[PDB]
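These values consider heavy atoms only, across backbone and side chains, with no hydrogens, waters or symmetry-generated copies. Labels below follow one simple rule: chain letters A, B, ... track the order of the sequence lines, proteins then strands, and each chain is numbered from 1.
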2 protein chains.
Amino acid sequence: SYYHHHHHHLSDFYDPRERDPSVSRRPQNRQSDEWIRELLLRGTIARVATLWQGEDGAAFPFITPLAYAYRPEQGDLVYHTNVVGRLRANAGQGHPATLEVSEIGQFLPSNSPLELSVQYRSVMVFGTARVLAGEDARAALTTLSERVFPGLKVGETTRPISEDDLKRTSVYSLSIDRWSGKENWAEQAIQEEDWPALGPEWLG
Amino acid sequence: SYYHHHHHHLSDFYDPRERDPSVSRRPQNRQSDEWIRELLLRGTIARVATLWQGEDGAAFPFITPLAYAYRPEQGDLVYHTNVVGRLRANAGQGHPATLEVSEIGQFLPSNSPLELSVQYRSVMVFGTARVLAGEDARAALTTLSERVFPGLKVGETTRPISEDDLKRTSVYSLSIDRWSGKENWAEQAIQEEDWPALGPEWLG
């Protein structure tokens with residue numbers, strides 16, 4: 001800054017900057033529903049958080065990383081997992097679930113400590129997950145398998161999914177209520193001009 | 001299998017196999033506390049799930065991906081995030097939190113559909129997270145920064161962390177109560193001998 005430069009020889013926020021008119025004006029790094037759809041379509045790993053009853057009677061969240069597929073017409077995401085707790089902290093046949101998908105890029109160094117950060121795109125989905133049965137479960141597992149292994153075809157590449165297979169697997173549909181998307185994928189963190197610049201070891 | 005081979009020309013479980021005596025005999029892919037420590041030490045990204053009060057009064061989980069550092073002597077993990085909901089679904093100054101760290105490898109193809117899978121190592125940590133203040137927060141952010149940016153030194157590479165910095169940041173300590181570790185990192189999925197083998201496109 002001038003103040004610092006002048007002091008050595010002896011605000012930013014409202015000053016000129018370049019802006020691309022095409023870029024999101026949404027606050028807090030928020031993204032459009034179409035952006036959310038596209039990220040969900042190209043991802044293959046999610047975390048799912050669901051609530052289970054703990055030793056103290058209190059509900060607490062599990063987090064499970066798992067393969068998933070988004071089925072846009074159905075309005076759901078499908079996955080399979082035999083992870084359970086003791087009792088779910090939930091009434092009924094479906095359970096509330098939060099699912100997260102992200103693309104994590106590089107850590108972004110700075111000579112300003114609170115500008116240190118990591119590139120990310122992240123979607124949170126809120127919905128209700130239910131266990132599928134029979135042909136519903138077979139079709140969902142098929143869509144999942146063929147999504148996460150491009151080119152694989154159940155019944156050709158693999159043997160068909162049998163009734164035994166289905167009895168051994170818990171297959172879920174998470175029906176979407178709402179979702180949230182967020183991106184902060186800068187090429188460089190904000191730097192502090194009034195401290196020595198990071199060397200080439202960092203931004204090189 | 002013989003039955004299939006013979007039928008064409010016209011159980012496994014209890015039969016001989018090789019076992020490495022050095023490998024974990026723990027069920028359900030479980031790992032030792034030392035394995036858990038080591039995975040937590042080398043990771044840099046976690047998800048944290050905490051409970052917030054929803055529109056219906058019901059507690060529901062957020063999932064936030066974030067940079068973290070494990071501090072083994074203190075018995076905690078530290079992170080910073082300004083993500084919040086409306087009210088936490090919790091009484092007191094700390095809140096229950098689940099933190100997950102994983103290493104995700106490759107998807108493992110098979111000609112048996114329910115043997116499709118992905119290589120993973122995953123730790124779940126259960127504890128109580130509290131917001132830090134002052135020198136506690138500065139020290140935690142320093143350990144975090146210097147952990148996830150190896151070679152960076154706060155106060156040399158960067159300007160020191162100021163009181164303004166601290167006022168703008170929510171820095172947490174998640175004090176560990178229990179943890180769980182799980183690994184399934186096979187080189188190849190189990191295949192079905194009685195269906196045509198995957199071609200070289202798959203296991204090559």
Side-chain angles (χ1 to χ4, degrees), chain A residues 4 102 104-120 122 184-204, chain B residues 33-48 50 64-83 94 97 99-103 121 123 125 127-176 179 181:
Chain A
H4 184 94
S102 40
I104 308 289
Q106 301 312 303
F107 283 90
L108 301 177
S110 181
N111 69 349
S112 186
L114 274 290
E115 298 303 335
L116 297 169
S117 60
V118 62
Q119 301 175 307
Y120 69 87
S122 180
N184 197 353
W185 205 275
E187 192 197 326
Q188 188 179 268
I190 290 172
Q191 310 290 317
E192 167 67 82
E193 191 62 39
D194 300 335
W195 189 259
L198 294 178
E201 62 272 42
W202 286 110
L203 303 182
Chain B
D33 301 299
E34 203 63 42
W35 185 92
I36 292 168
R37 166 196 174 90
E38 297 179 339
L39 180 140
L40 286 177
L41 284 174
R42 70 187 183 258
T44 53
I45 292 282
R47 281 83 169 156
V48 181
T50 60
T64 292
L66 44 63
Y68 80 97
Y70 178 36
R71 309 194 294 183
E73 211 206 327
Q74 291 87 335
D76 74 6
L77 309 115
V78 297
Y79 50 90
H80 83 96
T81 175
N82 285 10
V83 178
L99 176 148
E100 180 265 336
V101 182
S102 40
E103 291 174 353
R121 326 188 156 95
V123 169
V125 171
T128 293
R130 76 196 184 270
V131 78
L132 296 175
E135 296 282 17
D136 283 0
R138 178 176 291 100
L141 281 166
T142 299
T143 291
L144 178 65
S145 299
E146 292 181 359
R147 183 75 54 85
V148 300
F149 291 92
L152 175 143
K153 295 295 179 152
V154 175
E156 196 179 356
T157 311
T158 73
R159 68 164 175 78
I161 292 158
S162 71
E163 293 298 314
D164 182 67
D165 287 340
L166 293 185
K167 281 226 206 313
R168 288 174 190 266
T169 310
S170 286
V171 190
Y172 296 91
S173 170
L174 199 174
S175 178
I176 297 159
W179 66 20

Can you name the residues that form a side-chain hydrogen bond (donor to acceptor under 3.5 Å, both in side chains) with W202(A), not counting sequence neighbours?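 For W202(A) there are no side-chain hydrogen bond (donor to acceptor under 3.5 Å, both in side chains) partners, ignoring immediate neighbours.
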
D164(B): partners by side-chain hydrogen bond (donor to acceptor under 3.5 Å, both in side chains), with sequence neighbours left out: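 With sequence neighbours excluded, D164(B) shows a side-chain hydrogen bond (donor to acceptor under 3.5 Å, both in side chains) to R168(B), given in chain and number order.
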
My understanding is that only residues two or more places apart in sequence, or in another chain, count here; which of them pass side-chain contact (heavy atoms from CB on, under 4.5 Å) with [X]?
X       : value
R42(B)  : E38(B), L39(B), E103(B), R121(B)
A140(B) : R71(B), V78(B), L132(B), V171(B)
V154(B) : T142(B), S145(B), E146(B), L152(B), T158(B), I161(B)
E156(B) : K153(B)

Considering non-hydrogen atoms only, spot the tightest contact between [X] and [Y] and give its length.
X       : Y       : result
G134(B) : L166(B) : O-CD1, 3.4 Å
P109(A) : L203(A) : CG-CD2, 3.9 Å
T157(B) : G151(B) : OG1-O, 4.1 Å
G181(B) : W35(B)  : CA-CZ3, 4.1 Å

Do the non-hydrogen side-chain atoms of [X] and [Y] ever get within less than 4.5 Å of each other?
X       : Y       : answer
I104(A) : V118(A) : yes
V125(B) : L40(B)  : yes
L66(B)  : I45(B)  : no
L144(B) : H80(B)  : yes
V123(B) : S102(B) : no

Inter-residue atom distance [X].[atom1] - [Y].[atom2], 0.5 Å rounding:
X       : Y       : atom1 : atom2 : answer
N184(A) : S122(A) : CG    : OG    : 12.0 Å
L174(B) : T50(B)  : CG    : OG1   : 9.5 Å
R47(B)  : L99(B)  : CZ    : CG    : 10.5 Å
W179(B) : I36(B)  : CH2   : CD1   : 6.0 Å
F149(B) : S117(A) : CZ    : OG    : 6.5 Å
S175(B) : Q74(B)  : OG    : CD    : 10.5 Å

Got a donor-acceptor contact below 3.5 angstrom from the [X] side chain to the [Y] backbone?
X       : Y       : result
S162(B) : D165(B) : yes
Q119(A) : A186(A) : yes
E115(A) : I190(A) : no

Could you list the residues that satisfy ring pair (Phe, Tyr, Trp, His ring centres under 6.0 Å) with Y68(B), not counting sequence neighbours?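 For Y68(B) there are no ring pair (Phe, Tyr, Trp, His ring centres under 6.0 Å) partners, ignoring immediate neighbours.
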
Only counting residues at least two apart or in another chain, list the ones meeting ring pair (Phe, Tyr, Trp, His ring centres under 6.0 Å) with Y120(A).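 With neighbours one apart ignored, the set is empty.
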
Hey, could you give me each pair passing salt bridge (charged side-chain N to carboxylate O under 4.0 Å, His left out) that has a residue in residues 191-204 of chain A? Not counting sequence neighbours.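 Listed by first then second residue: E192(A)-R159(B).
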
Between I176(B) and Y70(B), does a side chain to side chain contact (heavy atoms under 4.5 Å, CB included) hold up when you go through it step by step? CA-CA 10 Å; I176(B) 297 159; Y70(B) 178 36; 3.6 Å; yes

Taking salt bridge (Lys or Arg N to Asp or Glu O under 4.0 Å) as the test, write out the residues that go with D33(B), two or more places apart.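 Per chain and number, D33(B) pairs via salt bridge (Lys or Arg N to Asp or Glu O under 4.0 Å) with no residue.
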
Identify, with sequence neighbours excluded, every residue that meets salt bridge (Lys or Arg N to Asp or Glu O under 4.0 Å) alongside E34(B).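 Only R37(B) meet the salt bridge (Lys or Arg N to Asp or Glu O under 4.0 Å) criterion with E34(B).
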
Stepwise side chain to side chain contact (heavy atoms under 4.5 Å, CB included) test for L116(A) and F107(A): CA-CA 8 Å; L116(A) 297 169; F107(A) 283 90; over 6 Å; no

side-chain hydrogen bond (donor to acceptor under 3.5 Å, both in side chains) contacts touching residues 127-140 of chain B (sequence neighbours left out):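 Residue pairs with at least one partner in residues 127-140 of chain B: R130(B)-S173(B), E135(B)-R138(B), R138(B)-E163(B).
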
